[PDB]
Each structure stands twice: as structure tokens, then as C-alpha cells.
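Each remark here refers to the structure printed beneath this line.
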Amino acid sequence: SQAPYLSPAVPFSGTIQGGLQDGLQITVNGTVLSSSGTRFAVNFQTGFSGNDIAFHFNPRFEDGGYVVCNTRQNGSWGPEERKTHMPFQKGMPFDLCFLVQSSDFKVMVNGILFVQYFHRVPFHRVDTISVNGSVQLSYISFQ
Ligand SMILES: CC(=O)N[C@@H]1[C@@H](O)[C@H](O[C@@H]2O[C@H](CO)[C@H](O)[C@H](O[C@@H]3O[C@H](CO)[C@@H](O[C@@H]4O[C@H](CO)[C@H](O)[C@H](O[C@@H]5O[C@H](CO)[C@@H](O[C@@H]6O[C@H](CO)[C@H](O)[C@H](O)[C@H]6O)[C@H](O)[C@H]5NC(C)=O)[C@H]4O)[C@H](O)[C@H]3NC(C)=O)[C@H]2O)[C@@H](CO)O[C@H]1O
């Protein structure tokens with residue numbers, strides 16, 4: 001059991017001890033800022049560069065509110081999967097939970113399953129979580 005990151009500053013990048021494993025649950029607890037921009041992202045990536053992001057989870061308070069899910073490989077973005085629902089709210093606290101499964105990530109927001117994202121690259125290669133944009137973080141916890 002890895003220790004939680006408590007009140008990490010954004011932008012944040014942090015090691016996932018042992019990498020993503022089938023059954024690992026990562027919790028991101030925080031607050032979407034009220035008036036500090038219109039997007040944030042949680043990135044599950046290989047190392048610290050961010051050129052290789054297995055899963056980019058990117059809520060955008062733009063064009064009615066939607067969430068982009070995508071993968072970056074060797075610096076190139078793939079085809080976006082957009083969920084045209086926004087489960088977050090500017091100025092409001094959230095609990096965001098990611099469950100790593102064999103074929104996909106399951107993402108719950110505030111106790112409710114929000115989206116799944118099927119793996120495009122091997123998940124075992126992911127050892128870093130990064131968070132950027134319009135968000136303040138209280139904690140990131142593991143397992
Ligand atoms: C309808 C349609 O088709 N529309 C599309 C749009 O959807 C599309 O928009 C793009 O869509 C994609 C998803 O598909 C994505 O949302 C794009 O957004 C960009 O995404 C990236 C990743 O989240 C952002 O770039 C990253 O930003 C952060 C800060 O916010 C950093 O700057 C990242 O760079 C890394 O920074 C690290 C931390 O500082 C650094 O690591 C550090 O290095 C230090 C030493 O130098 C030290 O060691 C330290 O300890 C260490 O942590 C990394 O080295 C550094 N990496 C690199 C490569 O230098 C950066 O990667 C980006 O901010 C974000 N942009 C926006 C606007 O949100 C989104 O643009 C568009 C465009 O494709 O096309 C339309 O058609």
C-alpha cells in the first residue's frame with residue numbers, strides 16, 4: 001500500500017509505486033476551481049515527460065460541458081472519446097476513482113460509474129500520475 005499524496009500542488013506529477021496493476025484503485029479527491037480556467041486533466045503516463053499518456057481524462061467546462069478521454073503515444077494524440085456529460089461542477093469538491101481492469105479503466109465520479117476507457121497501450125507500463133489545470137487537490141490515494 002503506497003502512501004497517499006496529501007495536498008499535492010498542481011501541476012503535479014507523482015510515481016505510482018509498482019505501476020498500474022489489474023485491480024489497483026486510484027482515488028483523486030479535490031475541488032474544481034470556480035474561476036481559474038475551463039479544463040483539467042488526470043494523466044496516467046509512462047515516466048515524467050508526458051509524451052506517453054496511456055489514459056488522459058480531461059473534463060472541459062466548454063461548449064456545454066464534456067469530458068475527453070484519449071491516449072498520447074510518442075507525443076501524438078489518438079482519436080478522442082468524448083462523453084458529452086459533465087459530472088463535475090466549477091467550485092465543487094469531487095471524488096474521482098479510477099479502477100484498473102484487464103481490458104479497461106473504470107472511472108467513478110462521486111460514487112457513480114461515469115465512463116470506461118478500453119486500454120490502447122499496455123497498462124503495466126504506466127508508473128506516473130499527473131494532474132494539471134483548473135483543479136486544487138486534497139489527496140491522491142492508492143488501493
Ligand atoms: C474537435 C477537436 O478535434 N478538437 C481538438 C482538441 O480536442 C485538441 O485539444 C487537445 O486535445 C488533447 C486530447 O485529445 C489534450 O486535451 C490537449 O491538451 C493538452 O494536453 C497536454 C497533456 O495534459 C498538456 O501539455 C502538458 O501540460 C502540462 C502543464 O499543464 C505540462 O506543461 C506538460 O509538459 C511537461 O511538464 C512536466 C511538469 O512540469 C515536465 O516534467 C518536469 O520536468 C522538469 C525538468 O524539465 C523536472 O524534472 C520535473 O520534476 C518534472 O516533473 C515535462 O518534462 C513536460 N513535458 C514535456 C514534453 O516537456 C505538458 O505536456 C497541454 O497543456 C494541454 N493543452 C491544453 C490547451 O489544454 C488539447 O490541446 C486540439 C489540439 O490538439 O485539436 C482540436 O482539433
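Just so we're on the same page: first chain in the C-alpha cells is A, next is B, and so on; residues restart at 1 for each chain, and ligands are numbered from 1 in the order they show up.
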Distance query residue 66 in chain A at most 12 Å, only C-alpha atoms, self and fewer than 4 positions along chain excluded, as a ChimeraX atom specification: /A:38-40,57-62,80-89,114-115
Please list as a compact mmCIF listing (two decimals) with N, CA and C atoms, in the first residue's frame every residue within 12 Å of residue 71 in chain A, counting only C-alpha atoms and excluding residues in the same chain fewer than 5 positions away.
```
# COMPACT_ATOMS: atom_id res chain seq x y z
N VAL A 42 -6.37 14.45 -15.63
CA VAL A 42 -5.62 13.46 -14.87
C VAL A 42 -4.99 12.57 -15.93
N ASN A 43 -3.68 12.36 -15.83
CA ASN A 43 -2.94 11.61 -16.84
C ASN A 43 -2.27 10.40 -16.20
N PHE A 44 -2.48 9.21 -16.77
CA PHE A 44 -1.74 8.02 -16.35
C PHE A 44 -0.72 7.76 -17.44
N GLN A 45 0.56 7.89 -17.09
CA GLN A 45 1.60 8.00 -18.10
C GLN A 45 2.84 7.19 -17.72
N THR A 46 3.71 7.03 -18.70
CA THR A 46 4.97 6.31 -18.52
C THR A 46 6.04 7.36 -18.32
N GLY A 50 5.40 12.91 -20.12
CA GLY A 50 4.00 13.14 -20.57
C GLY A 50 3.82 13.02 -22.08
N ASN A 51 4.84 12.52 -22.77
CA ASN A 51 4.71 12.17 -24.19
C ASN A 51 4.01 10.85 -24.39
N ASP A 52 3.98 10.04 -23.33
CA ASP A 52 3.35 8.75 -23.40
C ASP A 52 2.32 8.66 -22.29
N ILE A 53 1.09 9.06 -22.64
CA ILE A 53 -0.02 9.01 -21.70
C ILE A 53 -1.00 7.90 -22.10
N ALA A 54 -1.06 6.83 -21.30
CA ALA A 54 -1.95 5.69 -21.57
C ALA A 54 -3.42 6.11 -21.50
N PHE A 55 -3.71 6.99 -20.55
CA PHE A 55 -5.09 7.46 -20.34
C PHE A 55 -5.08 8.90 -19.86
N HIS A 56 -5.58 9.77 -20.71
CA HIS A 56 -5.78 11.20 -20.45
C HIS A 56 -7.29 11.34 -20.18
N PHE A 57 -7.62 11.82 -18.98
CA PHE A 57 -9.01 12.05 -18.55
C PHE A 57 -9.17 13.55 -18.31
N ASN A 58 -9.93 14.21 -19.19
CA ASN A 58 -9.83 15.66 -19.42
C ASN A 58 -11.23 16.34 -19.46
N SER A 76 2.06 11.88 -29.90
CA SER A 76 0.89 12.03 -30.78
C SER A 76 -0.42 11.61 -30.11
N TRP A 77 -1.42 12.50 -30.17
CA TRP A 77 -2.76 12.19 -29.66
C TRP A 77 -3.52 11.29 -30.62
N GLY A 78 -4.23 10.31 -30.07
CA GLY A 78 -5.08 9.42 -30.86
C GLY A 78 -6.47 10.02 -31.04
N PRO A 79 -7.44 9.20 -31.49
CA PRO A 79 -8.82 9.68 -31.64
C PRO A 79 -9.49 9.90 -30.27
N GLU A 80 -10.10 11.06 -30.07
CA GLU A 80 -10.75 11.35 -28.79
C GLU A 80 -12.03 10.58 -28.61
N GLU A 81 -12.27 10.12 -27.38
CA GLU A 81 -13.58 9.61 -26.99
C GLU A 81 -14.21 10.64 -26.06
N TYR A 117 -12.87 3.25 -20.22
CA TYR A 117 -11.93 3.54 -21.28
C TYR A 117 -11.10 2.31 -21.53
N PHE A 118 -11.27 1.71 -22.71
CA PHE A 118 -10.55 0.48 -23.03
C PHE A 118 -9.08 0.77 -23.29
N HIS A 119 -8.21 -0.10 -22.79
CA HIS A 119 -6.76 0.10 -22.97
C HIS A 119 -6.39 0.17 -24.45
N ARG A 120 -5.59 1.17 -24.80
CA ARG A 120 -4.97 1.26 -26.15
C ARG A 120 -3.50 0.88 -26.16
N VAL A 121 -2.89 0.95 -24.98
CA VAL A 121 -1.49 0.56 -24.75
C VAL A 121 -1.44 -0.29 -23.46
N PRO A 122 -0.41 -1.15 -23.30
CA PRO A 122 -0.29 -1.97 -22.09
C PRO A 122 -0.29 -1.08 -20.84
N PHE A 123 -1.18 -1.37 -19.89
CA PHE A 123 -1.27 -0.56 -18.68
C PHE A 123 -0.09 -0.76 -17.69
N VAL A 126 2.55 1.92 -17.17
CA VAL A 126 2.21 3.19 -16.53
C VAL A 126 2.72 3.20 -15.09
```
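Interatomic distance, atom 59 (O, counted along the ligand's line) of ligand 1 to CA of residue 49 in chain A: 5.9 Å.
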Surrounding residues of residue 33 in chain A excluding itself and chain neighbours under 2 positions, 8 Å, only C-alpha atoms, as an MDAnalysis selection string: chainID A and resid 31 35:37 90:92 134:136
Filtering to N, CA, C and O atoms, could you give me those residues as an mmCIF file, in the first residue's frame?
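Saved the output as again05.cif:
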```
data_model
loop_
_atom_site.group_PDB
_atom_site.id
_atom_site.type_symbol
_atom_site.label_atom_id
_atom_site.label_comp_id
_atom_site.auth_asym_id
_atom_site.auth_seq_id
_atom_site.Cartn_x
_atom_site.Cartn_y
_atom_site.Cartn_z
ATOM 1 N N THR A 31 -11.021 19.689 -5.638
ATOM 2 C CA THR A 31 -12.043 20.704 -5.892
ATOM 3 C C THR A 31 -11.749 21.297 -7.237
ATOM 4 O O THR A 31 -10.602 21.653 -7.528
ATOM 5 N N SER A 35 -13.042 29.812 -10.885
ATOM 6 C CA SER A 35 -12.747 30.786 -11.944
ATOM 7 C C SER A 35 -11.260 30.838 -12.225
ATOM 8 O O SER A 35 -10.660 31.912 -12.263
ATOM 9 N N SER A 36 -10.677 29.654 -12.402
ATOM 10 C CA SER A 36 -9.262 29.510 -12.698
ATOM 11 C C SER A 36 -9.088 28.652 -13.942
ATOM 12 O O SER A 36 -8.281 27.719 -13.949
ATOM 13 N N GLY A 37 -9.852 28.961 -14.988
ATOM 14 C CA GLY A 37 -9.758 28.251 -16.263
ATOM 15 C C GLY A 37 -10.919 27.296 -16.478
ATOM 16 O O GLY A 37 -11.821 27.196 -15.639
ATOM 17 N N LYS A 90 -17.895 23.538 -11.493
ATOM 18 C CA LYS A 90 -16.939 24.553 -11.065
ATOM 19 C C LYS A 90 -17.211 24.983 -9.624
ATOM 20 O O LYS A 90 -18.360 25.262 -9.252
ATOM 21 N N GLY A 91 -16.156 24.985 -8.810
ATOM 22 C CA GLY A 91 -16.250 25.375 -7.406
ATOM 23 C C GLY A 91 -16.641 24.255 -6.466
ATOM 24 O O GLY A 91 -16.720 24.459 -5.260
ATOM 25 N N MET A 92 -16.892 23.066 -7.007
ATOM 26 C CA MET A 92 -17.400 21.972 -6.188
ATOM 27 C C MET A 92 -16.358 20.885 -5.956
ATOM 28 O O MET A 92 -15.571 20.572 -6.865
ATOM 29 N N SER A 134 -7.407 23.297 -14.005
ATOM 30 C CA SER A 134 -8.276 24.100 -13.139
ATOM 31 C C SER A 134 -8.795 23.340 -11.922
ATOM 32 O O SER A 134 -10.014 23.222 -11.712
ATOM 33 N N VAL A 135 -7.872 22.868 -11.092
ATOM 34 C CA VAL A 135 -8.226 21.988 -10.001
ATOM 35 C C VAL A 135 -7.273 22.214 -8.818
ATOM 36 O O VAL A 135 -6.111 22.563 -9.012
ATOM 37 N N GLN A 136 -7.787 22.065 -7.598
ATOM 38 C CA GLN A 136 -6.966 22.001 -6.403
ATOM 39 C C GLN A 136 -7.141 20.581 -5.851
ATOM 40 O O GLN A 136 -8.239 20.039 -5.863
#
```
Shortest interatomic distance to residue 140 in chain A - which of A:13, A:27, A:128, A:73, counting only C-alpha atoms: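 Of the candidates, the smallest distance to residue 140 in chain A is held by A:27.
Proximity to residue 41 in chain A was assessed for A:70, A:1, A:143, A:21 counting only C-alpha atoms; the smallest distance is recorded for A:70.
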For residue 97 in chain A, work out the shell of residues within 7 Å, counting only C-alpha atoms and skipping chain neighbours fewer than 6 positions away, then give it as an mmCIF file with C-alpha atoms, in the first residue's frame.
```cif
data_model
loop_
_atom_site.group_PDB
_atom_site.id
_atom_site.type_symbol
_atom_site.label_atom_id
_atom_site.label_comp_id
_atom_site.auth_asym_id
_atom_site.auth_seq_id
_atom_site.Cartn_x
_atom_site.Cartn_y
_atom_site.Cartn_z
ATOM 1 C CA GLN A 25 -7.844 1.653 -7.434
ATOM 2 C CA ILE A 26 -6.541 5.256 -7.580
ATOM 3 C CA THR A 27 -8.581 7.999 -5.880
ATOM 4 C CA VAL A 28 -8.208 11.694 -6.754
ATOM 5 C CA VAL A 107 -13.982 5.748 -13.735
ATOM 6 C CA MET A 108 -16.407 6.640 -10.943
ATOM 7 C CA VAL A 109 -17.209 10.250 -10.049
#
```
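Here CA of residue 69 in chain A and atom 7 (O, counted along the ligand's line) of ligand 1 stand 9.8 Å from one another.
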Using only C-alpha atoms and all ligand atoms: which of A:3, A:112, A:131, A:16 has the shortest distance to ligand 1: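 Between A:3, A:112, A:131, A:16, the residue approaching ligand 1 most closely is A:131.
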So which bits of range 23-143 of chain A end up strand (DSSP E) when you DSSP the backbone, as a tab-separated table (two decimals) with C-alpha atoms, in the first residue's frame?
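Ended up saving to selection-v6.tsv:
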```tsv
chain	number	residue	atom	x	y	z
A	25	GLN	CA	-7.84	1.65	-7.43
A	26	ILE	CA	-6.54	5.26	-7.58
A	27	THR	CA	-8.58	8.00	-5.88
A	28	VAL	CA	-8.21	11.69	-6.75
A	29	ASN	CA	-10.05	13.86	-4.20
A	30	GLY	CA	-10.13	17.59	-4.85
A	31	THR	CA	-12.04	20.70	-5.89
A	32	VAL	CA	-12.65	22.11	-9.32
A	40	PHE	CA	-8.31	19.95	-16.02
A	41	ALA	CA	-6.68	16.59	-16.72
A	42	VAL	CA	-5.62	13.46	-14.87
A	43	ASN	CA	-2.94	11.61	-16.84
A	44	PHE	CA	-1.74	8.02	-16.35
A	45	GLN	CA	1.60	8.00	-18.10
A	53	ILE	CA	-0.02	9.01	-21.70
A	54	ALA	CA	-1.95	5.69	-21.57
A	55	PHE	CA	-5.09	7.46	-20.34
A	56	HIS	CA	-5.78	11.20	-20.45
A	57	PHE	CA	-9.01	12.05	-18.55
A	58	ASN	CA	-9.83	15.66	-19.42
A	59	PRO	CA	-13.06	17.41	-18.26
A	60	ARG	CA	-13.75	20.62	-20.18
A	66	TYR	CA	-17.90	17.39	-21.85
A	67	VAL	CA	-15.01	15.06	-20.96
A	68	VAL	CA	-12.29	13.97	-23.35
A	69	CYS	CA	-10.65	10.56	-22.94
A	70	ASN	CA	-7.58	9.86	-25.09
A	71	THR	CA	-4.12	8.31	-25.31
A	72	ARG	CA	-0.87	10.01	-26.26
A	73	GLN	CA	1.83	7.83	-27.81
A	76	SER	CA	0.89	12.03	-30.78
A	77	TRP	CA	-2.76	12.19	-29.66
A	81	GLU	CA	-13.58	9.61	-26.99
A	82	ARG	CA	-15.88	12.38	-25.72
A	83	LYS	CA	-18.55	11.88	-23.08
A	93	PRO	CA	-15.50	19.16	-4.43
A	94	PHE	CA	-15.27	15.75	-6.11
A	95	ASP	CA	-14.17	12.20	-5.58
A	96	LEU	CA	-12.77	10.67	-8.72
A	97	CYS	CA	-11.91	6.97	-8.63
A	98	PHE	CA	-10.07	5.00	-11.29
A	99	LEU	CA	-10.19	1.19	-11.26
A	100	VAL	CA	-7.63	-0.59	-13.40
A	104	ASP	CA	-10.23	-1.12	-19.43
A	105	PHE	CA	-10.20	1.64	-16.80
A	106	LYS	CA	-13.48	2.17	-14.95
A	107	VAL	CA	-13.98	5.75	-13.73
A	108	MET	CA	-16.41	6.64	-10.94
A	109	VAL	CA	-17.21	10.25	-10.05
A	112	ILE	CA	-21.36	6.74	-9.58
A	113	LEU	CA	-19.75	4.94	-12.52
A	114	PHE	CA	-19.07	7.63	-15.15
A	115	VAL	CA	-17.17	6.17	-18.11
A	116	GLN	CA	-14.99	3.19	-19.12
A	117	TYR	CA	-11.93	3.54	-21.28
A	118	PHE	CA	-10.55	0.48	-23.03
A	128	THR	CA	3.20	8.00	-13.10
A	129	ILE	CA	0.11	10.05	-12.38
A	130	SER	CA	-0.03	13.70	-13.39
A	131	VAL	CA	-2.76	16.29	-12.79
A	132	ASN	CA	-2.92	19.71	-14.36
A	133	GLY	CA	-5.34	22.58	-14.99
A	135	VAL	CA	-8.23	21.99	-10.00
A	136	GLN	CA	-6.97	22.00	-6.40
A	137	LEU	CA	-6.09	18.60	-4.92
A	138	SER	CA	-6.70	17.34	-1.39
A	139	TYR	CA	-5.33	13.84	-1.88
A	140	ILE	CA	-4.40	11.08	-4.28
A	141	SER	CA	-4.57	7.62	-2.74
A	142	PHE	CA	-3.85	4.09	-3.84
```
Top pick for closest residue to ligand 1, considering A:111, A:47, A:64, A:4 and counting only C-alpha atoms and all ligand atoms: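 Using only C-alpha atoms and all ligand atoms, ligand 1 sits closest to A:47.
The gap separating CA of residue 8 in chain A from atom 12 (C, counted along the ligand's line) of ligand 1 is 23.3 Å, in Å to one decimal.
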